[PDB]
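A.B. asks: Just the structure for this:
(one chain, ligands or ions: 6)
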Amino acid sequence: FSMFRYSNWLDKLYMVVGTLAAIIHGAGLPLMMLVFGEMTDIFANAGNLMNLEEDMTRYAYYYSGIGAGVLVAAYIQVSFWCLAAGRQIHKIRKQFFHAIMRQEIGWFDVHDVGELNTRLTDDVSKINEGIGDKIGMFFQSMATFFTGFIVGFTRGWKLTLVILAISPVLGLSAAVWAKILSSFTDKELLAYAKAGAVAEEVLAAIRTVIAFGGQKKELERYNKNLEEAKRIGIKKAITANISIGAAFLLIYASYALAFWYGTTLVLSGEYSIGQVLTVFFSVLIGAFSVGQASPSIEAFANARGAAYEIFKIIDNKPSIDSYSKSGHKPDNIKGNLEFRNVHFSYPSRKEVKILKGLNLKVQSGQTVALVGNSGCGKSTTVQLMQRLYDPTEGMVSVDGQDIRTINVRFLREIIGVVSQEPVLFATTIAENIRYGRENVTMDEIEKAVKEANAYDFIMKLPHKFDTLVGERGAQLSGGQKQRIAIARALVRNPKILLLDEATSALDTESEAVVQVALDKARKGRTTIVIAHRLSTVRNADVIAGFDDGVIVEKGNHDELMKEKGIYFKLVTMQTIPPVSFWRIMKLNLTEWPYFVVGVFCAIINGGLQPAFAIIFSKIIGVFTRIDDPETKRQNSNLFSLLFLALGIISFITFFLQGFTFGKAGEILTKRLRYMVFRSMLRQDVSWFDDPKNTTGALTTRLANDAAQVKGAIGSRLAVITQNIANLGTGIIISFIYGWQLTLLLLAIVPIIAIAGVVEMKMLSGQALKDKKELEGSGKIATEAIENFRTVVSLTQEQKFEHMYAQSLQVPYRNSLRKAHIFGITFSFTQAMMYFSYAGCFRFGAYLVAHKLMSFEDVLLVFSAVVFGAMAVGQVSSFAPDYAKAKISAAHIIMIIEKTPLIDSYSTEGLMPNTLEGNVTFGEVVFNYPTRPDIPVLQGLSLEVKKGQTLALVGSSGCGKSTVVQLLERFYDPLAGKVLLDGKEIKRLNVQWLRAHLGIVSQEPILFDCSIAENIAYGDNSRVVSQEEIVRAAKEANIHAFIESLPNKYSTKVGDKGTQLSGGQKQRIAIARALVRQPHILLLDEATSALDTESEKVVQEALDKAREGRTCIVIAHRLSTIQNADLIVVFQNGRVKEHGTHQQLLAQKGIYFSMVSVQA
Ligand SMILES: CC[C@]1(O)C[C@@H]2CN(CCc3c([nH]c4ccccc34)[C@@](C(=O)OC)(c3cc4c(cc3OC)N(C)[C@H]3[C@@](O)(C(=O)OC)[C@H](OC(C)=O)[C@]5(CC)C=CCN6CC[C@]43[C@@H]65)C2)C1
Ligand SMILES: CC[C@]1(O)C[C@@H]2CN(CCc3c([nH]c4ccccc34)[C@@](C(=O)OC)(c3cc4c(cc3OC)N(C)[C@H]3[C@@](O)(C(=O)OC)[C@H](OC(C)=O)[C@]5(CC)C=CCN6CC[C@]43[C@@H]65)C2)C1
Ligand SMILES: Nc1ncnc2c1ncn2[C@@H]1O[C@H](COP(=O)(O)OP(=O)(O)OP(=O)(O)O)[C@@H](O)[C@H]1O
Ligand SMILES: Nc1ncnc2c1ncn2[C@@H]1O[C@H](COP(=O)(O)OP(=O)(O)OP(=O)(O)O)[C@@H](O)[C@H]1O
Ligand SMILES: [Mg+2]
Ligand SMILES: [Mg+2]
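C.D. replies: Numbering: from 1, shown residues only. Ligands and ions are numbered 1, 2, ... in the order given. Sure, the structure comes next:
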């Protein structure tokens, strides 16, 4: 795939013409230098002696002409190329969505929905970035390179050879530097990936860590990793700065050598100095445009893969052509389905066969139904019924004709399908119903909604035919949604209607009306029903028993019952923070002996450019002086050597300039992370529960932060320093040497700087705000791709595609306008730069002709100002992006400055010696901070005495774990008092309490460490001797299990407990909890899924240690209730049953009912 631009042959006119324009623009610059060379000679000749006004004026005319030529050529290239890119991208996006909507259902099953959606959303943008702007830039760069070498050879015979001989050395050195930088970057990536794995492991189990209060250990480990992270980061920054310095040094060495040799030759009577100027400038500019081209080829290579994938999808041909119009289109469709030996297997799992052959004939006006055990395949049966799939081995026909023979669209349009969980499109209810059929009028909608028995629901909500189905728009009830879907199906005027789990839950009266309407449609429409309610099959015209992919039962309900088949058995069983640089300089603490050196080096570097202008103007002036003794040679030689120094110093300072800055930033990282992380732990778990603080989000903020803030502070300061130094020094020194020309160039500078920044951003940031419009239009794509099943079911694909086309045409013209605007901007910038030469040198000719200054002086001012503006633009655009960095810095400032309500880091809390162990919850009422309105506690109460075996029971999911979580003060209680030993719980030491108690989660978490260390992790603040760990393990009865394993406890835990089985993992967790010997123990489903003997051993250990050790127990096994000292049952946030197990059993009810159900 190298030629994938494959649309709008006429648009190819833009492709070539723009390219052509690029060529000339690329060639424009060396030509401009050519004349400049000759131009200089004129001055050098004229000063060596007058009619300079006319010659200067005609050269300025040449410059203006070439400038206008560029003003046309650059605009043409950029505009035309972006036009072609935009048009092709629009066409390919339309075709891509069209192809996706045409794919087969099984293909969607295999291919991830989110991957495909993000593919559409991002790869098209990648292709857009891979053509238009970048291609124009590449062609212009290559043209500039070629033309520069051509000019060098033509006007230069020996100097060009030496320059082009030096160039490959520069190329090799730069490539080596880039490779070294990439290697260092990858090594640092891995080095920090270590610490990042550690951070992920600690954060993902924040509940356990905060419960055990192991904050210190985790923080110490993270600091340990951060040390190596910082070391390698410092190495990387040093290497990057040294590479920059080496590039500078090589460039200035080339300058020195070229001017040395050219001065030698010209002193030897060779071509004039102007010839040297033109040849050197042109050759170097070409030999650096060659490298300037590379980003474009990188972008094109990137886009090649996206194009490959997208075209591979597009060219895919599906067997079930949902769009093919060649299929038969029967009209007199008498209701009749006939499946013969129908065998099927899901394409995702071809090995597993669901249907093992099936025969079934259903005649017109028949109510057929399917019944079977779990996995009976009824759902797959109906799916294959609508022709969504094809029969693996068998045949299916409608009205006596094979299903395949008929057109897929025609067959689909005559089949109503209602799933077990319909969802409506996020739009108006009228639109949702209209999606059933296009040619449907509001009267038809009224009739359908009346039939579905929902007119009251529609007329109750405001905007009957206008209520949207978006966020809070689609708040309709499940029954209301089912009614809406039924109405949609009815509006389809289908022949065959299939339904499954029609009206699960909710009032049956709505189910009654739904069934009545379905029966009324049954008068003429064949029906298939997958319903669990007995009444559904009570009047069913026929019921078929699908078990193990075999249809056995055949007959009415009475007939099947008389055979005592599975039907009878089933029936019986039924029975944007604000930031600021002043407030953001938190690194000054570790920056005082660093920022001073940084600013010093930056000042030196900035002044370096005006020094180069001084030397350049002096060298040129060494030949405009008429004295012309032999000393000129020496003079030139001397100046040449200065370049080398002007080069060498540049490297040295840079080596220091990075070392103070690169290190500084790195240092800041080692603080900021160690601060950020340190702040994260000292926080309330509620904050973690929020979706904003997802583990991935926290690790991204804690990892993709160093470079951000480092840039925002250090790089901003350094770039600003260098910019101000360079430009201010240039302006001042220009004013000293000449006034009028300095004023004119000062007037022109801002245009040059704007042009430089825009050119630098041309190849980087072409698509920034387009993503907004793309997302705005992509709601349709997300709808269709996510909900594709219903879309294909009711054949609404065409309307969705047309809607997408409109939504995409909304920004299409905007994209074309953006293309034209960018082209005009770039072209005007280039032309303004070219006119700068003409204006400045014409004014200089005027000045010199009146002895206002020496040509050396005007050249000095011109070079100083122009090159200063261009270099300041370049260095400003080379820095890492600031706005994103400032935003990230502000975000992390918010994170670090955040102070928790439960200051676990705070040591303020009553710490009485020992504890009585009486836990009292009175009118305890609280709700999750995520959903405070929904109550989790309803004034529940619980009184527990010292060493009292308390058991908690209730409906699964009632909020049992909520009480345990509150015991750790993870979430504050809205109402009621929680007291330990008759004391204010909140008034106690939060850390002291969290250490005193002990809790085993319903799903204990184990860190990747040695078993001994993991067990000892339970009790922090003091190393637990191996004897204590062994005793605890024996108490939990796992010591033998660990000793059996190789290396004993010394085994390294596999990822996610890979090495150890969950059964042993739960026992290990129990041992860890018991190690601390907590005053109060909390076990939540401690039995879980394990051997009953393991639960017996754990209970025996707890009972042995139970005395003087209060316990709270939750589980779904009744055995735990037998030995409970006291029992309690939670009911809707209120404890209903209180007392002993025997007393509760005698008072038959919730406890007795639960025991009977389970037992
Ligand atoms: C205003 C446009 C521009 O100036 C165009 C280039 C990139 N930037 C400016 C900064 C810049 C350039 N060179 C610098 C040296 C030190 C400090 C800064 C620079 C610029 C150049 O050569 O000067 C005219 C340049 C830079 C590069 C550059 C090209 C380039 O213009 C010639 N390449 C894209 C890379 C580079 O790694 C590469 O792979 O070349 C194919 C390249 O090495 C070479 C020459 O091979 C080089 C040169 C320093 C090596 C290591 C770091 N990478 C990052 C990008 C790359 C550079 C010029 C913006
Ligand atoms: C309309 C935007 C723009 O085209 C962007 C630049 C500046 N001007 C256009 C004219 C221009 C540029 N170069 C010219 C040479 C002679 C005459 C005119 C030019 C421009 C370029 O090279 O486009 C390919 C450019 C030029 C430079 C340029 C950047 C640049 O844009 C790519 N650099 C700022 C300097 C430069 O010397 C420097 O930054 O180091 C001190 C730079 O060398 C390095 C290390 O990049 C370089 C270009 C290779 C080298 C030798 C002479 N110095 C003086 C100015 C500087 C240049 C391009 C306006
Ligand atoms: N794309 C798929 N690929 C493979 N198996 C699938 C796929 N979709 C579903 N299955 C499973 O394959 C089996 C096919 O049975 P099917 O679900 O059609 O019948 P069912 O008894 O009506 O199902 P259910 O219990 O979901 O109501 C089920 O276990 C189903 O969960
Ligand atoms: N992060 C959370 N934020 C808010 N509510 C939550 C969160 N996690 C779970 N819940 C809700 O809290 C209740 C959890 O019940 P809890 O675990 O406390 O008791 P349980 O009887 O052991 O039940 P289960 O183990 O099924 O959750 C459920 O309502 C669940 O929806
Ligand atoms: Mg099913
Ligand atoms: Mg629970």
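
A.B. asks: residue contacts, the closest residue to residue 140 other than its chain neighbours?
C.D. replies: Distance criterion Cβ to Cβ, 6 or more residues apart in numbering; nearest residue to residue 140, sequence neighbours excluded, is residue 26 at 3.8 Å. Quick note: C-beta positions are derived from backbone N, CA and C, even for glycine. Shown here is residue 26, whose contacts under the criterion Cβ atoms under 8 Å, 6 or more residues apart in numbering are 139, 140, 141, 142, 143, 144, 145, 146, 147, 289.

A.B. asks: now swap in residue 803 and tell me
C.D. replies: For residue 803, the contacting residues are residue 780, taking Cβ under 8 Å, 6+ apart as the criterion.

A.B. asks: So it, which state does it fall into?
C.D. replies: With DSSP: H, G, I helix; E, B strand; the rest coil as the basis, residue 803 sits in helix.

A.B. asks: And it, how far from ligand 6?
C.D. replies: With distances defined as Cβ to the ion, to the nearest Å, the gap from residue 803 to ligand 6 amounts to 45 Å.

A.B. asks: Save the contacts of residue 26 as CSV, and put in secondary structure, distance to residue 299 and neighbour count too.
C.D. replies: Rendered in CSV, the data for those read as follows (DSSP: H, G, I helix; E, B strand; the rest coil; distance: Cβ to Cβ, whole Å; neighbours: other Cβ atoms under 10 Å):
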residue, secondary structure, distance to residue 299, neighbour count
139, helix, 13, 22
140, helix, 15, 28
141, helix, 13, 23
142, helix, 15, 19
143, helix, 18, 23
144, helix, 19, 26
145, helix, 19, 22
146, helix, 21, 17
147, helix, 23, 24
289, helix, 17, 22
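
A.B. asks: tell me which of the residues you listed is nearest to ligand 4?
C.D. replies: Proximity of the contacts of residue 26 to ligand 4 was ranked by Cβ to the nearest ligand atom; the top entry is residue 141 with 55.2 Å.

A.B. asks: ok, now how distant is that closest one from ligand 6?
C.D. replies: Taking Cβ to the ion as the measure, residue 141 and ligand 6 are separated by 64 Å.

A.B. asks: For the stretch 1-150 of the chain, which residue gets nearest to ligand 4?
C.D. replies: Ranking the residues of the stretch 1-150 of the chain by distance to ligand 4 (Cβ to the nearest ligand atom) places residue 114 first, at 23.4 Å.

A.B. asks: Now residue 929. Nearest residue, chain neighbours left out?
C.D. replies: When the adjacent residues along the chain are set aside, residue 929 lies closest to residue 686, with 4.3 Å between them (Cβ to Cβ, 6+ apart).

A.B. asks: And for residue 67?
C.D. replies: If you skip the residues right next to it in sequence, residue 67 has residue 834 as its closest partner in space, 3.3 Å away by Cβ to Cβ, 6+ apart.

A.B. asks: where's that neighbour relative to residue 656, distance?
C.D. replies: Between residue 834 and residue 656 the distance, using Cβ to Cβ, to the nearest Å, works out to 38 Å.

A.B. asks: quick one: which of these two has more around it?
C.D. replies: For residue 834 against residue 656, the residue with the higher neighbour count under other Cβ atoms under 10 Å is residue 834, and the figures read 22 against 17.

A.B. asks: what about that one, helix or strand, and which?
C.D. replies: When elements are assigned from DSSP states H and E, residue 834 belongs to helix 797-849.

A.B. asks: now that helix, how far from the chain's geometric center?
C.D. replies: Here the centre of helix 797-849 is set off from its chain's centre by 31 Å, with Cα atoms, centre = their mean, to the nearest Å.

A.B. asks: Tell me if that helix is near ligand 1.
C.D. replies: No: for helix 797-849 and ligand 1, the contact criterion (Cβ under 6 Å from any ligand atom) is not met; the two come no nearer than 12.0 Å.

A.B. asks: Check which element follows that helix along the chain.
C.D. replies: Following the chain from helix 797-849 toward its C-terminal end, the next helix or strand by DSSP H and E is helix 855-878.

A.B. asks: After that following helix, which helix or strand is next? Please name it.
C.D. replies: Using DSSP H and E, the helix or strand that follows helix 855-878 towards the C-terminus is helix 882-897.

A.B. asks: buried sites along that following helix?
C.D. replies: Using 16 or more other Cβ atoms under 10 Å as the test for burial, helix 882-897 gives 885, 886, 888, 889, 890, 891, 892, 893, 895.

A.B. asks: need the contact list for the closest residue to ligand 2 within the stretch 601-750 of the chain.
C.D. replies: When scored by Cβ to the nearest ligand atom, the stretch 601-750 of the chain has residue 609 as its residue closest to ligand 2, at 5.7 Å. If you count contacts by Cβ under 8 Å, 6+ apart, residue 609 has them with 726, 730, 867, 868, 871.

A.B. asks: Nearest to residue 825 among those?
C.D. replies: residue 871 (21.6 Å; Cβ to Cβ).

A.B. asks: Look up how far ligand 1 lies from the residue lying closest to that closest one once chain neighbours are set aside.
C.D. replies: In space, not counting the residues next to it along the chain, residue 871 is nearest to residue 609; the distance is 5.1 Å by Cβ to Cβ, 6+ apart. Taking Cβ to the nearest ligand atom, to the nearest Å as the criterion, residue 609 is separated from ligand 1 by 13 Å.

A.B. asks: oh, and call the first residue 238 from now on, that's how I've got it
C.D. replies: I'll keep to 238 as the first residue from here, and by that count the last item is residue 846.

A.B. asks: and residue 846, helix, strand or coil?
C.D. replies: Using three-state DSSP, the three-state assignment for residue 846 comes out as helix.

A.B. asks: can I assume residue 1064 is in contact with residue 312?
C.D. replies: Yes: in this structure, residue 1064 is within contact of residue 312 by Cβ atoms under 8 Å, at 3.3 Å.

A.B. asks: Next, give me the two most distant ones among the contacts of residue 263.
C.D. replies: The distance between the two most remote of these (Cβ to Cβ) is 12.2 Å, for 376 and 384.
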